[PDB]
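Overview (structure and organization)
The residues making up each chain are set out below.
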Amino acid sequence: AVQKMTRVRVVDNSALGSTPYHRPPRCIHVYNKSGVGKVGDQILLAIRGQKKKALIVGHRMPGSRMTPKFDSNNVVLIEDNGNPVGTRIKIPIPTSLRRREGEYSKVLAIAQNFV
Amino acid sequence: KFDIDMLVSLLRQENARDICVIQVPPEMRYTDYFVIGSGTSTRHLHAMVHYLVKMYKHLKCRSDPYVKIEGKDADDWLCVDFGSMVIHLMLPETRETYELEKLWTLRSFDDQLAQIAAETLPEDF
Amino acid sequence: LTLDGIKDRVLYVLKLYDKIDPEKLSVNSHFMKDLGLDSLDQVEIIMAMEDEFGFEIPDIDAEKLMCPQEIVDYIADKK
Amino acid sequence: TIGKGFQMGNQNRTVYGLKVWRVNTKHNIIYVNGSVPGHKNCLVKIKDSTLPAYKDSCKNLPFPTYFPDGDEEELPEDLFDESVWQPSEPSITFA
Amino acid sequence: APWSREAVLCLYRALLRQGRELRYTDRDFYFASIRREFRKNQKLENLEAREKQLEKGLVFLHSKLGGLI
Amino acid sequence: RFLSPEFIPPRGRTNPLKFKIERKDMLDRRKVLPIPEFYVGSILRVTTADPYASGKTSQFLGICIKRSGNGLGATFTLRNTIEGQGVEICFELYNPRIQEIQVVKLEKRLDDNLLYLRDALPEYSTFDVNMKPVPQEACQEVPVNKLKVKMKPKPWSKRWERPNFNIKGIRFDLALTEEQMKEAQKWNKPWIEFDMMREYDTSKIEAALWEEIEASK
RNA sequence: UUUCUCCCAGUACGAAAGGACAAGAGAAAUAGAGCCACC
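To start, this report covers the structure provided alongside it.

What counts and what doesn't
Residues numbered from 1 in each chain as written, not as in the entry; some residues may be left out. Chains lettered and ligands numbered in written order. Part of a larger assembly, values for the part shown. Heavy atoms only, no water. Helix = DSSP H or I, 4+ residues; strand = E, 2+ residues; numbered from the N terminus. Buried < 20%, exposed > 50% of the residue type's maximum accessible area, 1.4 Å probe, protein only. Contact = heavy atoms within 4.5 Å. Areas by Shrake-Rupley, 256 points an atom, 1.4 Å probe, with all protein chains shown as cover. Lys, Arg positive; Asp, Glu negative; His and termini not counted. Charge placed at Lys NZ, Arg CZ, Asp CG, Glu CD. Near = heavy atom within 4 Å. Polar contact = N/O pair within 3.5 Å; in protein donor to acceptor, adjacent residues only side chain to side chain. Nonpolar A, V, L, I, M, F, W, Y, C, P; charged D, E, K, R; others polar. Pairing = 2+ DSSP bridges. Axes fitted to C-alpha atoms, helices over the stretch in contact; angles between N-to-C directions. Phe/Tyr/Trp six-rings, centres within 6.5 Å; stacked < 30°, edge-to-face > 60°. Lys NZ or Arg CZ within 6 Å of the ring centre and 35° of its normal. Salt bridge = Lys/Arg side-chain N within 4 Å of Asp/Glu carboxyl O. Core = buried A, V, L, I, M, F, W, Y, C linked by side-chain atoms within 4.5 Å. Buried area = accessible area lost by both parts, 1.4 Å probe.

Glancing now at the overall build of chain F. Helices and strands together make up the secondary structure of chain F, namely 5 helices and 7 strands. Overall, chain F shows an N-to-C arrangement of helices and strands of α-β-β-β-β-β-β-α-β-α-α-α. Referenced to the eigenvectors of the C-alpha coordinate spread, the extents of chain F come out at roughly 55 × 45 × 35 Å. Within the span of chain F, comprising 217 residues, buried residues form 45% of the whole. Considering only residue pairs separated by 6 or more positions, chain F has 66% of its internal contacts joining residues 24 or more positions apart. Carbon together with sulfur atoms contributes 55% to the accessible area of chain F, which is approximately 12,100 Å² in total. For chain F, the distance from the average site of its 37 positive side-chain charges to the average site of its 31 negative ones is 3 Å.

Around RNA strand G, the surrounding shell holds 18 residues, and the nearest of these are A:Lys33, A:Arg65, B:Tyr66, D:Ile2 and D:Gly38. Restricting attention to atoms of RNA strand G within 4 Å of the protein, one finds that 89% of them are sugar or phosphate atoms. Interatomic distance of 3.3 Å between a side-chain N/O atom of D:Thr1 and a phosphate oxygen of RNA strand G. Residue D:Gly38 places a main-chain N or O atom 2.9 Å away from a phosphate oxygen belonging to RNA strand G. Residue composition of the surface near RNA strand G, by class: 4 nonpolar, 8 polar and 6 charged.

Further remarks concern the sheet that holds strand 2 (residues 33–38) of chain B. All names here are of chain B. Pairing is mixed in the open sheet, where 5 strands are placed in the order 1-2-5-4-3. Bordering the open sheet on either side are strand 1 (19–23) and strand 3 (69–70), each of which pairs with just one other strand. Relative to strand 4 (residues 77–81), strand 3 runs antiparallel, the two sharing 2 bridges. Within the sheet, the bridge partner assigned to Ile69 lies in strand 4 and is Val80. Seen against the sheet, helix 1 (residues 4–13) touches strand 1, strand 2 and strand 5 (85–90) and runs at an angle of roughly 165 degrees to strand 1.

Glancing now at the packing of aromatic side chains. Counting across every chain of the model gives 17 aromatic pairs over all chains. On the numbers, 5.1 Å between centres and 85 degrees between planes, the contact of E:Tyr12 with E:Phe38 is edge-to-face. One end of the pair, E:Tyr12, is in helix 1 (residues 5–20); the other, E:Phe38, is in helix 2 (residues 27–42), and 26 residues separate them in sequence. Site record: aromatic cluster; members linked through ring pairs are A:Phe114, B:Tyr30, B:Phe34 and B:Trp104. One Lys or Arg, C:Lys78, reaches over the ring of C:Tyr74 and ends 3.5 Å from the middle of that ring.

Let's shift gears to the environment of F:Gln180. Residues and elements named next belong to chain F. Tracing the chain through its elements places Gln180 in helix 4 (residues 178–185). Considered as a pair, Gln180 and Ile35 are 145 residues apart in the sequence and their alpha carbons are 43 Å apart. Looking at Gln180, its side chain comes within polar contact range of the main-chain nitrogen of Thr177, at 2.6 Å.

Looking now at the arrangement of the chains. For the 6 pairs of chains in contact, the largest share of contacts goes to chains A and B. In this view chain A stays clear of chain D, with the nearest C-alpha atoms of the two still 14 Å from each other. The two units chain C and chain F remain apart, with a minimum C-alpha distance of 38 Å.

Another point: the pattern of salt bridges. Applying the stated rule across the entire model yields 39 salt bridges over all chains. Ionic pairing is found between A:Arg88 and B:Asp110, a salt bridge with its closest N-O pair at 3.9 Å. Pair noted here: A:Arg88 is in the loop between strand 5 (74–78) and helix 2 (105–109) and B:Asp110 is in the loop between helix 4 (100–105) and helix 5 (111–115), and the two residues belong to different chains. Between F:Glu6 and F:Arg30 there is a salt bridge; the shortest N-O distance is 3.0 Å. Of this pair, F:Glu6 sits in the segment before helix 1 (16–32) while F:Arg30 sits in helix 1, and the two are 24 residues apart along the sequence.

Attention shifts here to the interface of chain D and chain F. Opposite the 16 residues of chain D that make contact, chain F presents 21 residues. The tally of links from chain D across to chain F stands at 2 salt bridges. Where chain D touches chain F, the interface holds 5 residue pairs in polar contact. Residues that form the side of chain D that touches chain F fall into these classes: 7 nonpolar, 5 polar and 4 charged.

In this section: the nonpolar core. Counting 68 residues, the largest nonpolar core has A:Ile89, B:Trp77, B:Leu100 and C:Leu14 as its most contacted members. If sequence neighbours within four positions are ignored, B:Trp77 has contacts with A:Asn83, A:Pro84, A:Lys106, A:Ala109, A:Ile110, B:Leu45, B:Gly71, B:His88, B:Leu89, B:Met90, B:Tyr98 and B:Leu100. F:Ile65, F:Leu93, F:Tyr94 and F:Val142 belong to the second-largest nonpolar core, a separate cluster that totals 51 residues.

Next up on the list: the interface of chain A and chain B. Tallying the contact residues gives 37 residues for chain A and 35 residues for chain B. Across the chain A to chain B interface the summed buried area is about 3,000 Å²; carbon plus sulfur atoms make up 51%. Of all residues in chain A, A:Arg88, A:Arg98 and A:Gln112 bury the most surface against chain B, accounting for 22% of the area lost on that side. Remark: the boundary between chain A and chain B carries 4 salt bridges. Notably, a salt bridge pairs B:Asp124 with A:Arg23, separated by 3.4 Å at the nearest N-O pair. Counting across the chain A and chain B interface gives 13 residue pairs in polar contact. Counting only elements with at least two residues in the side of chain A that touches chain B, the list comes to helix 1 (15–18) and helix 2 of chain A. Looking at the side of chain A that touches chain B element by element, the count peaks at 4 residues for helix 2 of chain A. Counted by class, the side of chain A that touches chain B contains 15 nonpolar, 13 polar and 9 charged residues.

Here you go:
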């Protein structure tokens, strides 16, 4: 449940995300009709004093049965053109994104680890 | 029916410069086949992407629904997700930069995987 | 086995590879000095020969051959 | 509806479009999709769906009613819908 | 440099054989990529590092070309 | 005689007939799929059919941390750390899409709930997914792990120090002083240990259930 | 209750460019009336 605020971890090799910064990246909205952000929901993440779109891949909110509950909030950066900002993803990514409605093939291709 | 062998032949028919297909063993819980395609120019990328979908719709797939085309707006990366195979179409130069082939061929041994780094996010006070 | 066939065929497989320049592809064409071949070059050149004749050639003595006629002899005496 | 006291409730309400999944003949138990207003052990009224789509569904059902007295063909104790996965069936594999 | 150059030779040939046995991929690109891979890495390496490179390729060799299909 | 928790019905006004019918269906499914005996703290490997994948099964290994639900809707959760990420998956016992259930290591832990392991060190929660089954004795009690886990800094998900939780597997002394325990003990509610209004007797019910389960076999 | 996507269909139409209907399906959102198998 990526609600307002909700400090998050940038799982990407993008220069902004990869470079350490003293302020954590924050998520204070979601690209959805509802205000709550879950796995597969686009967001906009303020990183290194810049705003970049990111895709949620994990959350710490309890999930439905038969699904794994993550302990950290993980996101993947996506460019305006639609291609991922980063060329690789480190943290395991759930495979449910494929069937989820939306364009997730590009992100999944960049995901090395699947759980 | 529309299967891997038909699509790859169709990709060759439209003169795909670079094609990479990676099979997935039953142990790995993802699509059976992952496909990466090169195309000389964005015009070529649009043409090849349209050709595969048109053949797919004609070639039975009645049980499967119609497949939308993703990434047509991008001039360097178009990806179409079919029922049993996913084709990622890009320019030749874009191919090396992303190295999608390395990711699937080396599931955990890809060099670019190491390129990812970590960070520290302490509070101000 | 035909020694002449091996000699010409060994030359043919050497000729097949494009990277090496057959400026002087004689039966006594040396690799390190005559053709200026790197370690990888002799690594791959032997493999092209192995494909034609069914491999079984190990590099323990193949890299010491240093010329088409010597590999021809090694092929001839192992056949 | 369940009464909530002074603040409510205790008023008749209707839920529409509930599918029937299975019926138990021995105990006369009907399995109805979704939730039903009211508390447990509360009497409810059951009648055919009045939605426009299901205008004429009784044509293939007992028109007046089902008569066990006739006993033209003894019905199974448990009736299942085709999509319903019956217990004791093989484990479902998404092949 | 290598612990045994014999493995390097067999490794290069086997990669070529699988390329000719690889249908769905574009054989042209695979041959070029393998040639580049040999040139980039094998020119300079350490004995311990070189052992990993040849050893991993041997598993790559013995594992249906490491999933390339 | 190990009576599985789901068979025991919960108190309420629901008709007992539902449990009898539910148990019959549960017993029939048990014949199709064998449900091994396990307890919280045991490491299990469960085989399930993958909906996203086509004709490919999934096996997840983790220590059992919680058992919940009754009847056909009973579920169990097992926890593990994969790629350094703690993950908990809830599996429904009678779901048709669970192909097989394997108890890799049958054992018990100090507490009936292991949610505090999230606050414990990662090593106590890390388990090898590929670990082979360990020998077990059928006609014996499951091994009880008495190791006390070490906690992370004071901020925790729950106040395990409070007497109500009554966690017996936490090294509170290392992370909490005796004075801090006394503050936690302020919520003792000692009458609760002696309160007969929160006690539910299922001795007769448990005994009756045993014959019914065995009879179906 | 409202919205979006898909489908119909790159079809009708149009020299091309471009580009529909209606009918059907899936997703959500909110409102209303309820419900506790699971969380």
